[PDB]
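Q: Could you have a look at this structure, given as structure tokens, before my questions?
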Amino acid sequence: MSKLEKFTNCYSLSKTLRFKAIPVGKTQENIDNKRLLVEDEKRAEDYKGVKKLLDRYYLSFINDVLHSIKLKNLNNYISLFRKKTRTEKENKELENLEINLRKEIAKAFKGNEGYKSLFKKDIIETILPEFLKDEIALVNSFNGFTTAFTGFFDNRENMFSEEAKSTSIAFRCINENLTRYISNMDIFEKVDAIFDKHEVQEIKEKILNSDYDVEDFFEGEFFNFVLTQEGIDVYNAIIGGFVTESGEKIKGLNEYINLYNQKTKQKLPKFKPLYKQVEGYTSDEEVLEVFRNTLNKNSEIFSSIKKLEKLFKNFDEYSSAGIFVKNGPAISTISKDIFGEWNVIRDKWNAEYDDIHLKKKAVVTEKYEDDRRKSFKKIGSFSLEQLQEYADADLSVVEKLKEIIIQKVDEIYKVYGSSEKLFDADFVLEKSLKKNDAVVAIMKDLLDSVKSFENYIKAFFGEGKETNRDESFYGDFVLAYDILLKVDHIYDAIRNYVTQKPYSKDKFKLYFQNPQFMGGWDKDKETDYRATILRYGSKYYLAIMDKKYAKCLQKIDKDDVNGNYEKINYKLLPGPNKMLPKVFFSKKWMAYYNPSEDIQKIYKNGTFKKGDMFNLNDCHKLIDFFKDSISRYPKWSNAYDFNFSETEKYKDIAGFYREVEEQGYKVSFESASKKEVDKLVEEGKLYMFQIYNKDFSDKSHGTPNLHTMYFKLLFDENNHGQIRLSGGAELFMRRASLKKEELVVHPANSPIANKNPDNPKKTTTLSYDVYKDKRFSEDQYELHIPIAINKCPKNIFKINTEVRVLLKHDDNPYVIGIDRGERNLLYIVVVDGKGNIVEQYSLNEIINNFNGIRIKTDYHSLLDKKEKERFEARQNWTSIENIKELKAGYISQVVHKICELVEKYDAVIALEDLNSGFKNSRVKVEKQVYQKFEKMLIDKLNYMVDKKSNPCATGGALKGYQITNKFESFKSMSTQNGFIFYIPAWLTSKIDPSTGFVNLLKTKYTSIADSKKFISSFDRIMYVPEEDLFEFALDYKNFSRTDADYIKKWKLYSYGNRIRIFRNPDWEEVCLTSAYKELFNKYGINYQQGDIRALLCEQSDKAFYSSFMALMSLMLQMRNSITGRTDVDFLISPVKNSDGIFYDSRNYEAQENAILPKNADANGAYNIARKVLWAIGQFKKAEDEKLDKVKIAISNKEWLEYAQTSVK
RNA sequence: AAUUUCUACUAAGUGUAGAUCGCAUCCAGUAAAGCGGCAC
Ligand SMILES: [Mg+2]
Ligand SMILES: [Mg+2]
């Protein structure tokens, strides 16, 4: 059997199929006349309204708990906070005190005051009505329809967690609000006497309050007062100042500190206000009104930009030791902008970490580099002083930063000038915004220039309780920035609006004035649920009974004079493990049966269940009781065909239940007069809809949609309960959003150009009209039907363990390698159990089969035309969205290609772990699309079907492969998920497949001395006359950071030629030996002399050495690419194989499915696969029961050992 | 340029080929990675 075979019927999975519901006959007229719809439509309107009222009571609630709270954890907390640290994980004691501050807040919500009636049915039933007429009325409407608020309900209970999320109130109460209060205490202590006694308390004490005193709000025990919004407003008014209910405009503390510019030493810190807590879709008038309002030259966002300009202009005035830059991407970027390279800061910091941790004897090891890396990441931030500590003299870090920041503000001001007419009161919109390209680009330009300023500027927060900070700097900075933060919302909303499809998918749920509408199908509650399913020939229908006529479907003849619909009776026995004991210990059954006490005692004590009070006979007695009770229960034994296993072969009660559950459900069809119900439709006693997708069209002649097959199979004789119909069906109405007269149309009888350049037919002429987006021009009913797949699994085991066991015992196991490439969206390499390539090719082109005809689509050319489009459109939003969606389409094609390969080779899949990576600019499928791809792959593999197989066949629609576990998280895409193994890409592309040689030397020229050392660290350097080549023979031991190489000693030869970047005002090509001959001649070095390393070091000037190294580096540069030309991105290796000939990639370009990789893209997919072979190799070394514990994570050192020894 | 819906189409003439429970994240490979259904 194929390894694949053993993976069927493993676990249940549930899916919902969607269809269009086409109203038949007079149904729509009746629906309108009886006005059934409007009930469900206004609810849809007021939904948003009621939500606001729920937020109202939520906010009164939050302010009942918050008025009532005294933080106990706090006071230790304040003293520790002002303890000024002193670290050594003494602060660790405190970081656990923090969490308990949020813990105390969460529990105070939950703990008391009728929190419980919050996200359950009783909140809009009674609670909202008793809290605060035009609003009570809207809430009343929703009753028995509490469904509407479930997604809302989940979004709002995250409010009260200890989650340390920006969602949490507690995080807000303690994490942001409290720290500011503390930070302000230390400002208040330092800046006390600046206040005039009359000036100080007298205006503030009286006009802001007349209660309390100003001093109070800078005492630690006063914080709890400031948890609620009033105390927050009171606090912020003390800092900011007040209106005064008149002209008075009483001054705040910050103004006074400002007015102490009279000393003009100033830079005396100002207080930071406390965070209060707890767009434009609709119209162009709306979208424009917001842009004008938030971004004009006297808006507050523009005010905060001028202040930040003033602040940073005085950057020199502040203490570089007390100004921090958050650690993360901002460090790479600012490194680039300050010094001129990405990794500089990281590099200097590695130079300093080594000296401390790097033992002289010690040789750098992968772990060492991993741990040092964990340390860097862990560092929260860097002061400007520290950054200047890396600053080479003749560069000022603060000043270079000043010129960069100021530059960015100047770029905002120039972009304002270019957008100036848009902010005229006089301005009006000539064209619709989607129509109006020129305007949209003006808006995007400005938004981008401010967003980028914001996003860059945001870096100067060390995201820490940093011990010493320039509070004078961060007072001004935090005041101004917080407004600037406002841009991100505006930006997103405006972009979502432009980016929108011209049509809308908004819709509303239909109950037809019935809270319990369409709860179930199979169940005979049809008088209650009032929906059912009809069949006629090949067509299926949804039939909805009017309340006054529920039984109308009951009494219908099986008329055979001419024609009948088939009528649905669905039988489901739900949850036998709860139900069988519920029914059969019923008082009525108890009457029916004089059940033995032996049975009752077994149940009550549960000696049937597992749990070591279980008795097998007791279990069997229970079963037999149930079995026999089943014979004598009409409702069930006239519904289902029970065929029970012998009682003895049942291991546990659970074994018995699966059979009840399995046989528990039956579906079959009744017979009902077509003419009779047809008339029921006419009279409006019954409403009918055809359940439809294009595959039900009389002109559909192609292979159907997968979901179409699922739906039909529901009612096919061959389907023995593998896919089942479930309740929870919903009907929606999707109001039309396009007007038919306004659609783009290709008129009948005129040729339409075909767009696929690989389609050999150039035009199409149809005799009817084709309309863009036609389906959105009509009101549309849609029907979502839930199904159950593999509800009663027979094969239970751990999927990961079973994959390992089968791989352990397989003689020629096959692996599919997938890699993302530079010249190829995706590239695939199939390999046997020994590393021989069986298949290699690009997936740039997706080839489709219809009939016997194959037509391909080159998705890489598509992306290329769209990238040119993005260039022509100056990178506007919509092209960006078009590219994202194209890619998401492409990956739905690829999923199918991978499935065929898995089925074809019974192969395991090898994929990049995207939790270990380097971003590569060259590759076209970015991380975020690839992650989506990997999720989709896993999802398919949960149940994998080939549509063209006969459904009952293994791998067909009734026996899908389940070779993957359910997706949990992206973080969870690591190690192995069933047939999928996640591999790190380290050292899979730039490595000789033939030898496993990898360049581990550093050839950058550094110093004349270093170059000599380099040259000297070589064993030999000799020109070989016979083979006309230079031979560099080396030991990796003599060079640093080569621990991973297994074959230490490699001989390098000049042979072949290489493509060099060779930038000139950037490509040229270079031969290798010619360069070695040229350069040596150039300097008077005769090279026919053995071991010229002593000789070479005799040279006196950089020029020899600078160019010797550049020459060397190129030779070790295996991967070569012009980038104008698809034709070559080749791989050539400076090292001979055992047989003595060097690997070139171009010698494999010609062949089909050649033994070694054909280009560098292939090499990468090839080597990703070999790492899985390595993993398989570890399985083959372990005992069956240890397999689950074996480690798949190959280490650069294991990898190179494997790559270099397995080649032979 | 037709769709349950999406993407690419026109595929031989009202359609073709994949894919397709729902929402949120869609740009930072140093922040986040989860919330639903379903099932237990
Ligand atoms: Mg089809
Ligand atoms: Mg389209």
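The way I read the labels, and the way they are meant: chains A, B, ... in the order of the structure tokens, residue 1 as the first residue of every chain, and ligand 1 as the first ligand shown, with later ones counted on from there.
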Got a sec: who's within 9 Å of region 27-41 of chain A, counting only C-alpha atoms (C1' of nucleotides), leaving out chain neighbours fewer than 2 positions off, as a CSV table (one decimal) with N, CA and C atoms, in the first residue's frame?

A:
chain,number,residue,atom,x,y,z
A,23,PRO,N,-35.3,32.6,-6.2
A,23,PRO,CA,-36.7,32.6,-5.9
A,23,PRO,C,-37.4,32.1,-7.2
A,24,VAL,N,-38.3,31.1,-7.0
A,24,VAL,CA,-39.1,30.5,-8.1
A,24,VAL,C,-40.6,31.1,-8.0
A,25,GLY,N,-41.1,31.6,-9.2
A,25,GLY,CA,-42.5,31.8,-9.3
A,25,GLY,C,-43.0,33.1,-8.7
A,43,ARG,N,-33.4,45.7,11.3
A,43,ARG,CA,-32.5,45.2,12.3
A,43,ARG,C,-31.1,45.4,11.9
A,44,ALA,N,-30.8,45.1,10.6
A,44,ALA,CA,-29.5,45.3,10.0
A,44,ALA,C,-29.1,46.8,10.1
A,45,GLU,N,-30.0,47.7,9.9
A,45,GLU,CA,-29.8,49.1,10.0
A,45,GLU,C,-29.5,49.5,11.5
A,46,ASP,N,-30.3,49.1,12.4
A,46,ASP,CA,-30.2,49.5,13.8
A,46,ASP,C,-29.1,48.7,14.6
A,507,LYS,N,-25.0,42.4,3.4
A,507,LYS,CA,-26.1,41.5,3.4
A,507,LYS,C,-26.6,41.4,4.8
A,508,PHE,N,-27.8,40.8,4.9
A,508,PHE,CA,-28.4,40.7,6.2
A,508,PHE,C,-29.2,39.3,6.3
A,509,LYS,N,-29.2,38.8,7.6
A,509,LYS,CA,-29.7,37.5,7.8
A,509,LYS,C,-31.2,37.5,7.8
A,510,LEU,N,-31.8,36.4,7.3
A,510,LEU,CA,-33.2,36.3,7.2
A,510,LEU,C,-33.8,35.2,8.1
A,511,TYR,N,-34.8,35.6,8.9
A,511,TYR,CA,-35.4,34.7,9.8
A,511,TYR,C,-36.9,34.5,9.3
A,512,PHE,N,-37.4,35.4,8.5
A,512,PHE,CA,-38.8,35.4,8.1
A,512,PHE,C,-39.7,35.5,9.4
A,513,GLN,N,-39.4,36.4,10.2
A,513,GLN,CA,-40.2,36.7,11.5
A,513,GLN,C,-40.2,35.4,12.4
A,681,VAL,N,-47.0,27.7,-3.7
A,681,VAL,CA,-46.2,28.8,-3.9
A,681,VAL,C,-47.0,30.0,-4.3
A,682,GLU,N,-47.8,29.7,-5.4
A,682,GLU,CA,-48.7,30.7,-5.9
A,682,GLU,C,-49.6,31.4,-4.8
A,683,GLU,N,-50.1,30.6,-3.9
A,683,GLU,CA,-51.0,31.1,-2.8
A,683,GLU,C,-50.2,31.8,-1.7
A,684,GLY,N,-48.9,31.6,-1.8
A,684,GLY,CA,-48.0,32.2,-0.8
A,684,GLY,C,-48.1,31.4,0.6
A,686,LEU,N,-46.3,28.9,0.7
A,686,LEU,CA,-45.0,28.3,0.6
A,686,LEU,C,-44.1,29.2,-0.2
A,687,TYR,N,-42.8,29.3,0.2
A,687,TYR,CA,-41.9,30.1,-0.6
A,687,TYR,C,-40.7,29.2,-1.0
A,688,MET,N,-40.4,29.3,-2.3
A,688,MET,CA,-39.4,28.4,-2.9
A,688,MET,C,-38.3,29.1,-3.5
A,689,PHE,N,-37.1,28.4,-3.5
A,689,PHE,CA,-35.9,29.0,-4.0
A,689,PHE,C,-35.1,27.8,-4.6
A,733,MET,N,-29.8,37.9,2.5
A,733,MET,CA,-30.2,38.7,1.3
A,733,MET,C,-29.1,39.7,1.0

Q: Tell me which protein, DNA and RNA residues are within 9 Å of residue 26 (chain B), counting only C-alpha atoms (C1' of nucleotides), leaving out same-chain ones fewer than 6 positions away, and put them as a list in words.

A: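 My list of contacting residues is residues 884, 928 and 929 of chain A.
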
Q: When you get a sec, could you note down which chain A residues fall within 7 Å of chain B, using only C-alpha atoms (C1' of nucleotides), as a PyMOL selection string?

A: chain A and resi 14-16+18-20+154+327-329+377+693-694+700+754+764+766+770-772+848+850+885-886+889-890+892-893+896+917-919+928+969-971

Q: Which parts of region 666-701 of chain A does DSSP call strand (DSSP E) when run on the backbone here, written out as a CSV table (one decimal) with N, CA, C and O atoms, in the first residue's frame?

A:
chain,number,residue,atom,x,y,z
A,666,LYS,N,-29.8,9.0,9.2
A,666,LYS,CA,-30.2,8.5,7.9
A,666,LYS,C,-30.9,9.6,7.1
A,666,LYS,O,-31.6,10.5,7.6
A,667,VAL,N,-30.6,9.6,5.8
A,667,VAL,CA,-31.2,10.6,4.8
A,667,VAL,C,-31.9,9.8,3.7
A,667,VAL,O,-31.3,8.9,3.1
A,668,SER,N,-33.1,10.2,3.4
A,668,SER,CA,-33.8,9.6,2.2
A,668,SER,C,-35.0,10.5,1.8
A,668,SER,O,-35.4,11.4,2.5
A,669,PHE,N,-35.6,10.2,0.6
A,669,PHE,CA,-36.6,11.1,0.0
A,669,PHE,C,-38.0,10.6,-0.1
A,669,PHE,O,-38.3,9.5,-0.6
A,670,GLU,N,-38.9,11.5,0.3
A,670,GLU,CA,-40.4,11.3,0.2
A,670,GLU,C,-40.9,11.7,-1.2
A,670,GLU,O,-40.1,12.1,-2.1
A,671,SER,N,-42.2,11.8,-1.4
A,671,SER,CA,-42.8,12.1,-2.7
A,671,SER,C,-44.0,13.0,-2.5
A,671,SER,O,-44.9,12.7,-1.8
A,672,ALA,N,-43.9,14.1,-3.3
A,672,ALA,CA,-45.0,15.2,-3.1
A,672,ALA,C,-45.4,15.8,-4.4
A,672,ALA,O,-44.5,16.3,-5.2
A,673,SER,N,-46.7,15.9,-4.7
A,673,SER,CA,-47.2,16.4,-5.9
A,673,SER,C,-46.7,17.7,-6.4
A,673,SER,O,-46.8,18.7,-5.7
A,686,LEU,N,-46.3,28.9,0.7
A,686,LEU,CA,-45.0,28.3,0.6
A,686,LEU,C,-44.1,29.2,-0.2
A,686,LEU,O,-44.5,29.7,-1.2
A,687,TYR,N,-42.8,29.3,0.2
A,687,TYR,CA,-41.9,30.1,-0.6
A,687,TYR,C,-40.7,29.2,-1.0
A,687,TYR,O,-40.2,28.4,-0.2
A,688,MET,N,-40.4,29.3,-2.3
A,688,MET,CA,-39.4,28.4,-2.9
A,688,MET,C,-38.3,29.1,-3.5
A,688,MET,O,-38.4,30.2,-4.1
A,689,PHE,N,-37.1,28.4,-3.5
A,689,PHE,CA,-35.9,29.0,-4.0
A,689,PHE,C,-35.1,27.8,-4.6
A,689,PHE,O,-35.0,26.8,-4.0
A,690,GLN,N,-34.5,28.0,-5.8
A,690,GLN,CA,-33.6,27.0,-6.3
A,690,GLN,C,-32.2,27.3,-5.7
A,690,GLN,O,-31.8,28.4,-5.5
A,691,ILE,N,-31.6,26.2,-5.3
A,691,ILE,CA,-30.3,26.2,-4.7
A,691,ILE,C,-29.3,26.0,-5.9
A,691,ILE,O,-29.4,25.0,-6.6
A,692,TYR,N,-28.5,27.0,-6.1
A,692,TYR,CA,-27.8,27.1,-7.4
A,692,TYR,C,-26.4,27.7,-7.3
A,692,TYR,O,-26.2,28.7,-6.6

Q: Collect all residues with atoms no farther than 7 Å from ligand 1, counting only C-alpha atoms (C1' of nucleotides) and all ligand atoms, and output them as a PyMOL selection string.

A: (chain A and resi 695+702-705) or (chain B and resi 16)

Q: With N, CA and C atoms (P, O5', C5', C4', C3', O3' and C1' of nucleotides) retained, write the just-selected residues as a PDB file, in the first residue's frame.

A:
ATOM      1  N   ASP A 695     -22.582  25.414 -11.776  1.00  0.00           N
ATOM      2  CA  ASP A 695     -22.484  23.998 -12.105  1.00  0.00           C
ATOM      3  C   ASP A 695     -23.860  23.333 -12.286  1.00  0.00           C
ATOM      4  N   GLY A 702     -18.299  21.225 -17.821  1.00  0.00           N
ATOM      5  CA  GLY A 702     -16.955  21.014 -17.313  1.00  0.00           C
ATOM      6  C   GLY A 702     -16.956  20.262 -15.982  1.00  0.00           C
ATOM      7  N   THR A 703     -15.746  19.932 -15.521  1.00  0.00           N
ATOM      8  CA  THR A 703     -15.517  19.446 -14.173  1.00  0.00           C
ATOM      9  C   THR A 703     -16.036  20.471 -13.208  1.00  0.00           C
ATOM     10  N   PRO A 704     -16.913  20.037 -12.285  1.00  0.00           N
ATOM     11  CA  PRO A 704     -17.538  20.904 -11.277  1.00  0.00           C
ATOM     12  C   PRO A 704     -16.608  21.385 -10.161  1.00  0.00           C
ATOM     13  N   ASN A 705     -17.027  22.477  -9.534  1.00  0.00           N
ATOM     14  CA  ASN A 705     -16.491  22.906  -8.270  1.00  0.00           C
ATOM     15  C   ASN A 705     -16.490  21.804  -7.233  1.00  0.00           C
TER      16      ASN A 705
ATOM     17  P     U B  16     -18.140  25.375 -17.263  1.00  0.00           P
ATOM     18  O5'   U B  16     -16.741  25.733 -17.892  1.00  0.00           O
ATOM     19  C5'   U B  16     -16.228  25.056 -19.014  1.00  0.00           C
ATOM     20  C4'   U B  16     -14.749  25.298 -19.054  1.00  0.00           C
ATOM     21  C3'   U B  16     -14.028  24.867 -17.790  1.00  0.00           C
ATOM     22  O3'   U B  16     -13.716  23.491 -17.783  1.00  0.00           O
ATOM     23  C1'   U B  16     -13.393  27.051 -18.333  1.00  0.00           C
TER      24        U B  16
END

Q: For the alpha helix (DSSP H) assignment from backbone DSSP, which residues of region 1026-1145 of chain A qualify? Please present them as a PDB file with N, CA, C and O atoms, in the first residue's frame.

A:
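So out37.pdb came out as:
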ATOM      1  N   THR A1073      41.019  32.619 -14.537  1.00  0.00           N
ATOM      2  CA  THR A1073      42.455  32.408 -14.696  1.00  0.00           C
ATOM      3  C   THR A1073      43.106  33.591 -15.387  1.00  0.00           C
ATOM      4  O   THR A1073      44.243  33.930 -15.111  1.00  0.00           O
ATOM      5  N   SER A1074      42.381  34.206 -16.305  1.00  0.00           N
ATOM      6  CA  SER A1074      42.901  35.351 -17.021  1.00  0.00           C
ATOM      7  C   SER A1074      43.221  36.455 -16.028  1.00  0.00           C
ATOM      8  O   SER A1074      44.222  37.150 -16.168  1.00  0.00           O
ATOM      9  N   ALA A1075      42.351  36.630 -15.043  1.00  0.00           N
ATOM     10  CA  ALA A1075      42.577  37.613 -13.993  1.00  0.00           C
ATOM     11  C   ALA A1075      43.800  37.298 -13.135  1.00  0.00           C
ATOM     12  O   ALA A1075      44.546  38.191 -12.762  1.00  0.00           O
ATOM     13  N   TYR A1076      43.985  36.028 -12.802  1.00  0.00           N
ATOM     14  CA  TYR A1076      45.153  35.593 -12.039  1.00  0.00           C
ATOM     15  C   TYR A1076      46.488  35.739 -12.781  1.00  0.00           C
ATOM     16  O   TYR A1076      47.500  36.081 -12.186  1.00  0.00           O
ATOM     17  N   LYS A1077      46.466  35.452 -14.075  1.00  0.00           N
ATOM     18  CA  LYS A1077      47.551  35.699 -15.023  1.00  0.00           C
ATOM     19  C   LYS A1077      47.778  37.192 -15.253  1.00  0.00           C
ATOM     20  O   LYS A1077      48.911  37.679 -15.127  1.00  0.00           O
ATOM     21  N   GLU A1078      46.707  37.921 -15.557  1.00  0.00           N
ATOM     22  CA  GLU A1078      46.810  39.369 -15.715  1.00  0.00           C
ATOM     23  C   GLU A1078      47.416  40.043 -14.488  1.00  0.00           C
ATOM     24  O   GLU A1078      48.506  40.608 -14.565  1.00  0.00           O
ATOM     25  N   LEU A1079      46.717  39.951 -13.358  1.00  0.00           N
ATOM     26  CA  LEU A1079      47.113  40.636 -12.125  1.00  0.00           C
ATOM     27  C   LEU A1079      48.555  40.377 -11.701  1.00  0.00           C
ATOM     28  O   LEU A1079      49.250  41.286 -11.256  1.00  0.00           O
ATOM     29  N   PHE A1080      48.989  39.128 -11.845  1.00  0.00           N
ATOM     30  CA  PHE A1080      50.333  38.718 -11.470  1.00  0.00           C
ATOM     31  C   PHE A1080      51.376  39.347 -12.385  1.00  0.00           C
ATOM     32  O   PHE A1080      52.401  39.867 -11.914  1.00  0.00           O
ATOM     33  N   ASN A1081      51.112  39.287 -13.690  1.00  0.00           N
ATOM     34  CA  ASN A1081      51.954  39.957 -14.674  1.00  0.00           C
ATOM     35  C   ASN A1081      52.063  41.423 -14.307  1.00  0.00           C
ATOM     36  O   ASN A1081      53.169  41.967 -14.194  1.00  0.00           O
ATOM     37  N   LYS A1082      50.895  42.036 -14.094  1.00  0.00           N
ATOM     38  CA  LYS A1082      50.779  43.443 -13.727  1.00  0.00           C
ATOM     39  C   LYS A1082      51.789  43.830 -12.635  1.00  0.00           C
ATOM     40  O   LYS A1082      52.405  44.897 -12.703  1.00  0.00           O
ATOM     41  N   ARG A1093      52.498  31.938  -2.008  1.00  0.00           N
ATOM     42  CA  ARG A1093      52.035  32.698  -0.855  1.00  0.00           C
ATOM     43  C   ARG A1093      53.131  33.555  -0.209  1.00  0.00           C
ATOM     44  O   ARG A1093      52.895  34.728   0.067  1.00  0.00           O
ATOM     45  N   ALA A1094      54.333  33.016   0.001  1.00  0.00           N
ATOM     46  CA  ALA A1094      55.406  33.885   0.450  1.00  0.00           C
ATOM     47  C   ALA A1094      55.636  35.039  -0.532  1.00  0.00           C
ATOM     48  O   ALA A1094      55.628  36.211  -0.144  1.00  0.00           O
ATOM     49  N   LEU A1095      55.828  34.695  -1.805  1.00  0.00           N
ATOM     50  CA  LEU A1095      55.981  35.691  -2.863  1.00  0.00           C
ATOM     51  C   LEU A1095      54.919  36.792  -2.794  1.00  0.00           C
ATOM     52  O   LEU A1095      55.252  37.975  -2.680  1.00  0.00           O
ATOM     53  N   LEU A1096      53.649  36.389  -2.858  1.00  0.00           N
ATOM     54  CA  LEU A1096      52.533  37.329  -2.953  1.00  0.00           C
ATOM     55  C   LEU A1096      52.533  38.350  -1.823  1.00  0.00           C
ATOM     56  O   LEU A1096      52.156  39.504  -2.006  1.00  0.00           O
ATOM     57  N   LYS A1102      48.264  48.609  -1.494  1.00  0.00           N
ATOM     58  CA  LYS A1102      46.892  48.153  -1.385  1.00  0.00           C
ATOM     59  C   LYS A1102      46.406  47.570  -2.697  1.00  0.00           C
ATOM     60  O   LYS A1102      45.811  46.488  -2.721  1.00  0.00           O
ATOM     61  N   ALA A1103      46.694  48.286  -3.778  1.00  0.00           N
ATOM     62  CA  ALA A1103      46.228  47.929  -5.119  1.00  0.00           C
ATOM     63  C   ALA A1103      46.403  46.451  -5.477  1.00  0.00           C
ATOM     64  O   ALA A1103      45.501  45.851  -6.036  1.00  0.00           O
ATOM     65  N   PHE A1104      47.549  45.856  -5.170  1.00  0.00           N
ATOM     66  CA  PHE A1104      47.687  44.428  -5.431  1.00  0.00           C
ATOM     67  C   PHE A1104      46.681  43.663  -4.596  1.00  0.00           C
ATOM     68  O   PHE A1104      45.938  42.820  -5.105  1.00  0.00           O
ATOM     69  N   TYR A1105      46.677  43.969  -3.303  1.00  0.00           N
ATOM     70  CA  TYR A1105      45.890  43.217  -2.339  1.00  0.00           C
ATOM     71  C   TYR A1105      44.393  43.448  -2.504  1.00  0.00           C
ATOM     72  O   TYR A1105      43.605  42.497  -2.489  1.00  0.00           O
ATOM     73  N   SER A1106      44.010  44.708  -2.691  1.00  0.00           N
ATOM     74  CA  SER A1106      42.611  45.051  -2.858  1.00  0.00           C
ATOM     75  C   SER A1106      42.029  44.291  -4.046  1.00  0.00           C
ATOM     76  O   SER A1106      40.892  43.792  -3.994  1.00  0.00           O
ATOM     77  N   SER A1107      42.821  44.153  -5.102  1.00  0.00           N
ATOM     78  CA  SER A1107      42.312  43.471  -6.279  1.00  0.00           C
ATOM     79  C   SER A1107      42.505  41.943  -6.251  1.00  0.00           C
ATOM     80  O   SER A1107      41.757  41.220  -6.908  1.00  0.00           O
ATOM     81  N   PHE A1108      43.469  41.452  -5.470  1.00  0.00           N
ATOM     82  CA  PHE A1108      43.606  40.005  -5.252  1.00  0.00           C
ATOM     83  C   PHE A1108      42.412  39.430  -4.478  1.00  0.00           C
ATOM     84  O   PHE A1108      41.967  38.301  -4.719  1.00  0.00           O
ATOM     85  N   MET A1109      41.914  40.207  -3.525  1.00  0.00           N
ATOM     86  CA  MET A1109      40.836  39.749  -2.681  1.00  0.00           C
ATOM     87  C   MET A1109      39.525  39.759  -3.458  1.00  0.00           C
ATOM     88  O   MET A1109      38.753  38.799  -3.385  1.00  0.00           O
ATOM     89  N   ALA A1110      39.284  40.851  -4.187  1.00  0.00           N
ATOM     90  CA  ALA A1110      38.091  41.010  -5.022  1.00  0.00           C
ATOM     91  C   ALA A1110      38.039  39.879  -6.036  1.00  0.00           C
ATOM     92  O   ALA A1110      36.984  39.312  -6.315  1.00  0.00           O
ATOM     93  N   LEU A1111      39.202  39.540  -6.568  1.00  0.00           N
ATOM     94  CA  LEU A1111      39.330  38.400  -7.452  1.00  0.00           C
ATOM     95  C   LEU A1111      38.935  37.105  -6.736  1.00  0.00           C
ATOM     96  O   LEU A1111      38.138  36.326  -7.249  1.00  0.00           O
ATOM     97  N   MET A1112      39.448  36.917  -5.531  1.00  0.00           N
ATOM     98  CA  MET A1112      39.174  35.716  -4.751  1.00  0.00           C
ATOM     99  C   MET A1112      37.703  35.553  -4.413  1.00  0.00           C
ATOM    100  O   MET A1112      37.196  34.448  -4.382  1.00  0.00           O
ATOM    101  N   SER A1113      37.080  36.659  -4.034  1.00  0.00           N
ATOM    102  CA  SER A1113      35.709  36.656  -3.587  1.00  0.00           C
ATOM    103  C   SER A1113      34.791  36.230  -4.705  1.00  0.00           C
ATOM    104  O   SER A1113      33.828  35.514  -4.489  1.00  0.00           O
ATOM    105  N   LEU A1114      35.097  36.687  -5.906  1.00  0.00           N
ATOM    106  CA  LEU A1114      34.331  36.329  -7.087  1.00  0.00           C
ATOM    107  C   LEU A1114      34.387  34.841  -7.357  1.00  0.00           C
ATOM    108  O   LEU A1114      33.394  34.231  -7.698  1.00  0.00           O
ATOM    109  N   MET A1115      35.558  34.261  -7.196  1.00  0.00           N
ATOM    110  CA  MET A1115      35.748  32.849  -7.445  1.00  0.00           C
ATOM    111  C   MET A1115      34.896  32.021  -6.503  1.00  0.00           C
ATOM    112  O   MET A1115      34.406  30.959  -6.859  1.00  0.00           O
TER     113      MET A1115
END

Q: With only C-alpha atoms (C1' of nucleotides) as the counted atoms, please give the residues lying no more than 12 Å from residue 839 (chain A), apart from itself and same-chain residues fewer than 4 positions off, as a list in words.

A: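 The residues that qualify are residues 814, 815, 816, 817, 818, 827, 828, 829, 830, 831, 832, 835, 901, 904, 905, 1151, 1152, 1153, 1154, 1155, 1156, 1157, 1158, 1162, 1165 and 1166 of chain A.
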
Q: Which polymer residues have any atom within 9 Å of an atom of residue 730 (chain A), counting only C-alpha atoms (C1' of nucleotides), with same-chain residues fewer than 6 positions away left out, as a list in words?

A: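 The neighbour list is residues 509, 510, 511, 517, 518, 519, 782, 783, 784 and 785 of chain A.
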
Q: Hey, which of A:561, A:493, A:459, A:123 ends up closest to residue 405 (chain A)? Count only C-alpha atoms.

A: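 Looking only at the distances to residue 405 (chain A), the closest residue turns out to be A:459.
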
Q: Grab the CA of residue 404 (chain A) to CA of residue 265 (chain A) distance for me, in Å with one decimal place.

A: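 One can read the CA of residue 404 (chain A) to CA of residue 265 (chain A) distance as 26.6 Å.
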